[PDB]
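Trainee: Residue numbers (the authors' numbering), protein chains in the order written: chain A, 2 to 142; chain B, 2 to 142; chain C, 2 to 142; chain D, 2 to 142; chain E, 2 to 276; chain F, 2 to 276; chain G, 2 to 276; chain H, 245 to 269.
Take this structure, written in structure tokens, and hold onto it; I'll ask about it next.
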């Protein structure tokens with residue numbers, strides 16, 4: 002039996018896709034958003050009379066195991082030097098394994114920092130952190 | 002036997018409710034309040050002569066498992082871009098499972114930051130932190 | 002046998018009392034005091050010629066399990082909004098279970114911050130931090 | 002057999018003494034000293050030509066289990082308020098259990114901060130941190 | 002209030018299990034995921050008002066023979082102390098209070114007040130269903146009955162309310178001394194037919210789920226955890242094996258005792274001194 | 002919705018295993034790494050439509066003799082509770098919903114709308130294959146059938162679509178109370194020939210891989226983990242030993258129950274007070 | 002002061018258990034949660050002054066037959082060292098002191114002072130009930146008796162006070178050398194009737210709760226922890242089984258020894274030197 | 245099996261009024 006009213010997402014029901022290509026052996030991803038809320042304090046009140054949105058900052062991180070082929074450097078998505086200046090924006094999509102419907106998409110993603118670890122006793126891993134213009138959860142049912 | 006004089010609250014005796022809707026698969030929530038107490042020091046005393054309240058800052062966090070439906074983004078409570086500017090305030094209520102009486106309510110809640118984690122070996126989780134104008138524990142017996 | 006010359010205090014020989022009322026299901030409490038000692042350095046010496054007391058800062062924290070009744074909010078000791086401004090000072094007493102003699106008392110306690118945690122797998126807990134004017138260990142034998 | 006040429010100090014061969022009184026149920030103590038060494042850098046050298054001593058700062062901490070009698074507050078060594086201003090300096094001695102010879106003595110000790118912890122499942126503990134004028138290791142054989 | 006988890010389990014299980022097995026709709030809801038064959042066989046055997054076969058429940062080591070077609074077996078298990086408060090203090094009470102009771106009570110008219118009657122006196126009123134009395138109504142409790150102003154509420158003269166309240170025992174006051182205990186209790190279903198055991202385990206799980214809304218364990222036995230063992234042959238020396246899947250239930254309760262106080266201050270002797 | 006992992010495993014394994022053993026290409030893909038001898042022997046024995054020898058699957062402790070040439074043996078194993086929500090609340094539903102169904106349905110013409118028919122009514126429409134209806138199409142569901150505007154879509158009058166949807170049971174509303182359970186189930190292949198056991202284990206691994214795309218465990222039994230034991234002689238007392246390599250499968254599922262609510266507000270009584 | 006936990010347990014248990022079983026009100030308070038049948042049976046058997054049946058307590062391995070209707074069995078268990086101080090120093094004393102005593106003593110009139118007499122001399126006065134002597138009262142202890150000024154307190158000539166004090170042994174002084182020990186002691190109730198064992202365990206728990214207010218374990222045996230085992234058949238070789246539920250009690254105590262000092266300084270020899 | 249752990253008194257048999265070792269003539 003399978004009652005959809007209580008289902009949740011997991012690692013086996015999600016795909017990470019770039020330019021249609023599913024990135025392989027991807028391990029984890031985290032998303033952050035900051036609206037920069039600030040309160041307004043009058044003289045005759047310790048309490049904040051109201052809150053206001055001021056600034057939108059958002060970053061997304063991706064952890065991956067470096068495949069011998071189609072690594073982020075080979076794919077051209079990342080960069081290692083002045084080649085970065087010629088790299089255009091990208092959109093990173095999280096799409097449902099079952100229906101292939103979209104769960105959340107990040108628009109105008111741009112790379113922030115690049116990390117790779119070479120270790121003796123463990124598989125090679127690399128991490129990338131992007132900064133995006135806007136997020137979207139459209140194209141739903 | 003059940004002597005009410007010693008009972009305490011637990012995860013099985015509490016409900017988290019928004020706009021009447023009970024949020025599903027909610028895991029944890031924390032509440033913080035800062036009165037900004039400061040002392041007054043005279044010249045002829047190392048001791049603080051008195052303390053005074055100056056500033057009220059309060060935040061509440063919520064941890065949840067992303068259901069495939071009725072997630073904070075789908076519910077319209079959260080936001081992912083400029084849609085936030087059209088989102089009005091909300092009130093988050095913690096209500097007793099037994100009696101449906103209120104334990105504590107936060108008024109004029111506003112969103113501060115949004116966090117979601119996609120991981121391979123664990124269920125998806127998301128965290129939201131709100132900033133509220135005032136708290137209340139009224140409507141008791 | 003029981004030789005009092007070596008006895009020590011423990012959780013089973015102490016009571017935490019406010020306004021005569023013993024607070025129930027209290028778990029822990031910590032007390033801090035800072036005299037702000039500073040040294041005096043002359044030109045012809047690297048060593049500090051003397052130390053002097055300058056400023057007295059002290060805080061006490063209390064951890065508790067939220068009983069369904071007589072919680073810090075219901076007791077009126079804490080506050081959740083502008084109600085705080087009408088709350089007067091209190092004295093928090095640590096008294097011996099055996100003799101009901103006093104061990105240490107804090108005078109002119111005032112609330113600094115308020116923390117409460119709602120969790121699924123554990124009993125609800127709340128923490129309060131107070132700032133006090135003076136401490137006393139009088140009324141002994 | 003017991004060859005003294007290799008012996009070391011331990012918790013069973015040390016006593017902590019104040020004003021001749023051995024403090025009871027003392028657990029640990031740490032001592033810190035800072036000479037504030039700084040280098041001198043010329044224009045024509047990246048290397049530091051020489052180092053110089055500038056400032057002597059030293060602190061000692063003591064951890065204890067609060068006995069029902071002769072606690073640091075009852076002994077008059079510590080203080081809880083303006084009584085501190087009438088407390089004179091003290092000398093804290095670490096003396097050998099075997100010979101009663103001195104190992105290290107701190108002169109002109111003055112109190113910096115006072116910490117006490119009341120906990121439910123563990124014995125009560127208190128911590129004191131002193132600031133001293135000078136240290137000495139005289140009176141040896 | 003010392004806690005006997007086994008007796009509470011038995012008292013909760015017996016009527017609730019009988020009610021669940023009474024009707025077919027609930028059983029069909031429970032056994033949705035199971036196959037047609039086992040579901041229908043269990044329904045034919047045990048389900049329905051007129052069921053010929055019947056399940057039973059009891060404690061371990063009974064000197065008499067026990068039915069092994071379908072039975073719930075309970076044994077007490079281990080226990081541990083997990084948390085304590087300062088001085089072992091749990092709560093303070095001014096009036097001795099017993100169990101928490103829920104009673105239905107239709108509203109009644111009195112010359113100045115609408116009232117509800119109750120079986121026993123009131124130590125404290127927790128909640129009245131779907132009511133939030135204001136100052137105007139001036140809610141007052143006077144022993145057995147609770148009352149509110151007649152005039153402005155006169156539309157509700159026969160309100161079919163229900164009440165959650167607490168018994169009153171004495172007017173004395175004292176302190177509650179005790180601690181929290183983390184206890185484990187084992188429950189296993191027995192049947193020479195394995196499919197019956199599986200269905201019995203599923204029913205057990207459902208009634209454990211349903212119990213979480215109960216007043217007593219909401220107030221006394223919070224933090225319920227479950228753990229299931231493997232299907233194993235309980236006995237091999239009979240003509241046919243006994244099959245059962247043990248389950249371990251965990252609870253947290255506050256063992257406590259009321260320490261009375263005879264000290265009551267009613268006068269003050271403020272006098273000065275001279276030298 | 003109580004979960005019976007063993008029955009789901011059996012239902013997934015039997016048709017899928019039969020289909021996999023039906024054709025030789027898939028088996029050759031599976032057994033790429035094995036040597037020629039064992040691969041070809043297993044293919045000769047079990048593979049192909051016209052295979053004379055056949056594998057079987059069933060639960061443990063069968064009273065009848067069980068074929069030990071090649072068999073899949075299942076036993077239930079342990080279970081544990083891992084995570085909980087506040088008040089044990091999992092989800093809230095306005096309309097009672099059963100299983101999630103996938104049905105193929107060719108498009109049909111209606112005087113104002115193109116429509117798809119379905120076997121059973123609709124509680125909620127999740128997805129229509131390769132379609133993202135816009136406002137202009139005005140997607141509407143009316144019981145059994147789903148519909149969209151005829152005129153601007155008239156090219157697709159016979160679109161061979163398929164539908165993922167959910168059954169409708171009642172119009173009542175309630176709350177879902179339950180928790181998550183982390184369960185372990187053991188599966189072992191049996192054969193007096195060790196090579197057959199190895200190949201059987203490989204086939205088992207492949208079908209477990211293939212199952213991850215299934216709807217039910219995508220919705221119900223997430224977080225699949227595997228663990229393999231050592232090849233051991235299961236029995237030594239026969240004329241020849243039985244060899245098998247147990248495998249442990251882990252799953253996470255949400256045991257839950259639907260708690261109905263009869264409270265429905267339809268009127269408001271806002272009145273002032275006087276003094 | 003070396004600690005014998007078993008003897009202290011026996012001495013605390015015997016009179017306290019007898020007093021608890023003396024009256025019915027306390028037993029009814031204890032057994033509130035139990036069913037009517039077992040509660041009333043235990044009350045009939047053991048409770049009341051005129052009870053015919055009686056419980057017993059003793060150590061393990063008694064060479065004589067021991068009553069197995071209801072008995073408390075004690076065994077010493079393990080122990081461990083947990084914490085130490087510098088030089089193993091625990092405390093310093095100027096006057097040798099024995100146990101801490103509590104004595105009731107009615108006030109008496111002396112020509113200049115009100116006084117209380119005591120059984121034995123005083124090494125140190127900890128507390129006098131409901132009194133906080135000021136400087137004016139000039140509290141003084143002179144061996145057996147404690148005294149305060151007559152004139153301004155003359156209203157209290159017959160004050161029914163009680164005293165918590167400490168015995169005096171010698172005028173010598175020394176050091177206390179020792180450490181802390183974390184000890185475990187096992188206690189189990191025995192009965193061929195399981196219900197009697199359950200009730201006995203509940204009574205044991207209550208008396209352990211009550212003991213926490215005792216002077217000795219407040220001063221010597223702090224940090225009490227409890228742990229309960231499963232109900233098990235202690236013996237099967239008799240005509241009928243023995244049933245018991247072991248309980249483990251933990252304590253923390255300070256094993257210590259008084260090291261006397263003969264060095265006493267009474268003169269000083271401050272002299273200069275010349276060269 | 246012997247009765248040690250639990251002991252019950254000897255059963256209450258119904259007596260007969262016939263004197264034992266009774267002379268007859």
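Positions of the beta carbon are idealized from the N, C-alpha and C atoms, including for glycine.
1) Any Cβ of chain A within less than 8 Å of the Cβ of residue 26/B?
2) Does residue 88/G have its Cβ less than 8 Å from a Cβ in chain D?
3) How long is the line joining the alpha carbons of residue 53/G and residue 22/G, rounded to whole angstroms?
4) With the cut-off set at 8 Å, would you say residue 51/E and residue 59/E are in Cβ contact?
5) Taking the alpha-carbon positions, what's the residue 4/C to residue 101/G distance?
6) Say whether chain D places a C-beta atom closer than 8 Å to the C-beta of residue 85/G.
7) For residue 52/C and residue 45/B, I'd like the C-alpha separation in whole angstroms.
8) Can you find the residues in the same chain that come closer than 7 Å, C-beta to C-beta, to residue 81/B, ignoring five residues on each side of it along the sequence?
9) In chain order, which alpha helix (DSSP H) runs of at least 4 residues are fully inside the segment 31 to 81 of chain E?
10) Of all the residues that make up the segment 103 to 127 of chain D, which are near chain E by a beta-carbon distance shorter than 8 Å?
11) Alpha carbon to alpha carbon, how far is residue 109/A from residue 135/A? Give it in angstroms, no decimals.
12) Please check if any C-beta of chain A sits within less than 8 Å of the C-beta of residue 197/F.
13) Can you give me the Cβ contacts of residue 192/E inside the same chain, cut-off strictly under 8 Å, excluding the 5 residues immediately before and after it?
14) My parser needs the beta strand (DSSP E) runs of 3 or more residues fully inside the segment 70 to 143 of chain G; what are they?
15) For residue 137/A, which of 59/A, 14/A, 49/A has the nearest alpha-carbon?
16) Provide the residue(s) that pair with residue 111/A in DSSP beta bridges, ordered along the chain.
17) Is any beta-carbon of chain E found at less than 8 Å from that of residue 17/F?
18) Could you give the residue range of the alpha helix (DSSP H) that holds residue 199/G?
19) Could you tell me if residue 37/D is buried or exposed, where buried requires 16 or more neighbouring beta carbons within 10 angstroms of its beta carbon?
20) Check the Cβ of residue 274/F against every Cβ in chain E and list those closer than 9 Å, keeping chain order.
21) What are the start and end residues of the beta strand (DSSP E) that includes residue 29/A?
22) Once the 5 residues before and after residue 40/G are set aside, which same chain residues still bring their CB inside 6 Å of it?
23) Whole angstroms are fine: how far does the CA of residue 8/G sit from the CA of residue 250/G?
24) Provide the residue span of the beta strand (DSSP E) that contains residue 254/E, from first to last.
25) Just reading off the alpha helix (DSSP H) that residue 182/F is part of, what are its end residues?
26) In the DSSP output, what is residue 3/F paired with across the bridge?
27) Kindly list the residues whose CB is nearer than 6 Å to the CB of residue 67/D, restricted to its own chain and excluding five residues on each side of it in sequence; keep chain order.
28) With distances taken from CA atoms, which of 158/E, 180/E, 57/E is nearest residue 226/G?
29) Would residue 137/A count as contacting chain F if we go by Cβ distances under 8 Å?
30) Pick helix, strand or coil for residue 226/G, following the three-state DSSP scheme.
31) Check whether the Cβ of residue 86/B lies closer than 8 Å to any Cβ atom in chain F.
32) Out of 76/A, 122/A, 64/A, which has the shortest C-alpha to C-alpha gap to residue 119/B?
33) If we cut at 8 Å on Cβ distances, does residue 12/C have a partner in chain E?
34) Pull up the distance between the alpha-carbon of residue 77/A and that of residue 105/A, whole angstroms please.
35) When you check each C-beta in the segment 204 to 220 of chain G against every C-beta of chain D, which residues fall closer than 7 Å?
36) Taking residue 94/G as the query, report the chain C residues whose CB atoms sit under 8 Å from its CB, ordered along the chain.
Mentor: Here's the rundown:
1) Counting from 1 along the second chain, the entry for residue 26/B is found at position 25. With 8 Å as the cut-off, residue 26/B counts as an interface residue toward chain A.
2) Residue mapping note: residue 88/G aligns to position 87 of the seventh chain, counting from 1. So, interface residue.
3) On the seventh chain, residue 53/G is found 52 positions in, with the first residue counted as 1. On the seventh chain, residue 22/G is found 21 positions in, with the first residue counted as 1. Answer to the nearest angstrom: the Cα atoms are 12 Å apart.
4) Within the fifth chain, numbered from 1, the residue matching residue 51/E stands at position 50. Within the fifth chain, numbered from 1, the residue matching residue 59/E stands at position 58. It is not a contact, given that the beta carbons lie outside the stated cut-off.
5) The residue labelled residue 4/C in the question sits at position 3 within the third chain. The residue labelled residue 101/G in the question sits at position 100 within the seventh chain. Straight-line Cα distance between these residues: approximately 6 Å.
6) On the seventh chain, residue 85/G is found 84 positions in, with the first residue counted as 1. For residue 85/G, the answer is yes, since a Cβ of chain D falls inside 8 Å of its Cβ.
7) Locating residue 52/C in the third chain gives position 51, counting from the first residue. Locating residue 45/B in the second chain gives position 44, counting from the first residue. Going by the C-alpha atoms only, they are around 18 Å apart.
8) Sequence index remark: in the second chain, residue 81/B carries index 80 (1-based). Closer than 7 Å at the Cβ level, and outside the excluded window around residue 81/B, lie 74.
9) 37 to 47
10) 119, 121, 122
11) Position 134 of the first chain holds residue 135/A. Position 108 of the first chain holds residue 109/A. Taking the straight line from one Cα to the other gives about 7 Å.
12) As a working mapping, residue 197/F is identified with position 196 in the sixth chain. Not one chain A Cβ lies under 8 Å of residue 197/F.
13) One-based indexing of the fifth chain puts residue 192/E at position 191. Excluding positions up to five away in sequence, the list reads 69, 70, 71, 72, 198, 201, 243, 244, 245.
14) 72 to 76, 80 to 84, 90 to 94, 97 to 105, 114 to 117, 125 to 129, 141 to 143
15) Indexing the first chain from 1 puts residue 137/A at position 136. It is 59/A.
16) Along the first chain, one-based indexing puts residue 111/A at 110. DSSP, once it has assigned bridges, lists 132/A as partnering residue 111/A.
17) As a working mapping, residue 17/F is identified with position 16 in the sixth chain. Not closer than 8 Å to any Cβ of chain E, the Cβ of residue 17/F fails to qualify, so no.
18) The count along the seventh chain starts at 1 and reaches residue 199/G at position 198. 195 to 212 is the extent of the alpha helix (DSSP H) around residue 199/G.
19) Translated into positions along the fourth chain, residue 37/D becomes position 36. Residue 37/D should be labelled exposed.
20) Against the sixth chain, residue 274/F aligns to sequence position 273. Per Cβ cutoff of 9 Å: 135, 137, 153.
21) Mapped onto the first chain, residue 29/A falls at position 28. Per DSSP, residue 29/A belongs to the beta strand (DSSP E) from 27 to 35.
22) Taking the seventh chain and counting its residues from 1, the one referred to as residue 40/G is at position 39. 32.
23) Residue 250/G sits at position 249 when you count from the first residue of the seventh chain. Residue 8/G sits at position 7 when you count from the first residue of the seventh chain. Each residue's Cα considered, the two are about 14 Å apart.
24) Within the fifth chain, numbered from 1, the residue matching residue 254/E stands at position 253. Segment 248 to 262, the beta strand (DSSP E) holding residue 254/E.
25) Working through the sixth chain from its first residue, we reach residue 182/F at position 181. No alpha helix (DSSP H) holds residue 182/F; the beta strand (DSSP E) holding it covers 174 to 192.
26) For the purposes of this step, residue 3/F is taken as residue 2 along the sixth chain, with counting starting at 1. Answer is none; residue 3/F lacks a bridge partner.
27) Looking up residue 67/D in the fourth chain gives position 66. For residue 67/D, where only same-chain residues beyond five positions count, the Cβ hits under 6 Å are 125, 127.
28) Taking the first residue of the seventh chain as position 1, residue 226/G is located at position 225. The shortest Cα separation from residue 226/G among 158/E, 180/E, 57/E belongs to 180/E.
29) Numbered from 1 along the first chain, position 136 holds the residue referred to as residue 137/A. Chain F, which has no Cβ nearer than 8 Å to the Cβ of residue 137/A, makes this no.
30) Taking the seventh chain and counting its residues from 1, one reaches residue 226/G at position 225. Reduced to three states, the DSSP call for residue 226/G is strand.
31) Indexing the second chain from 1 puts residue 86/B at position 85. It does not; no Cβ of chain F falls within 8 Å.
32) Here residue 119/B corresponds to residue number 118 of the second chain, with the count starting at 1. For the set 76/A, 122/A, 64/A, the Cα lying nearest the Cα of residue 119/B is the one of 64/A.
33) For this step, residue 12/C is matched to residue 11 along the third chain. Yes, its Cβ sits closer than 8 Å to a Cβ of chain E.
34) Counting from 1 along the first chain, the entry for residue 77/A is found at position 76. Counting from 1 along the first chain, the entry for residue 105/A is found at position 104. Between residue 77/A and residue 105/A, the C-alpha separation is close to 23 Å.
35) Against chain D - using a Cβ distance shorter than 7 Å - the segment 204 to 220 of chain G contributes no residues.
36) The residue you call residue 94/G lines up with position 93 of the seventh chain. Under the 8 Å cutoff, chain C gives 6.
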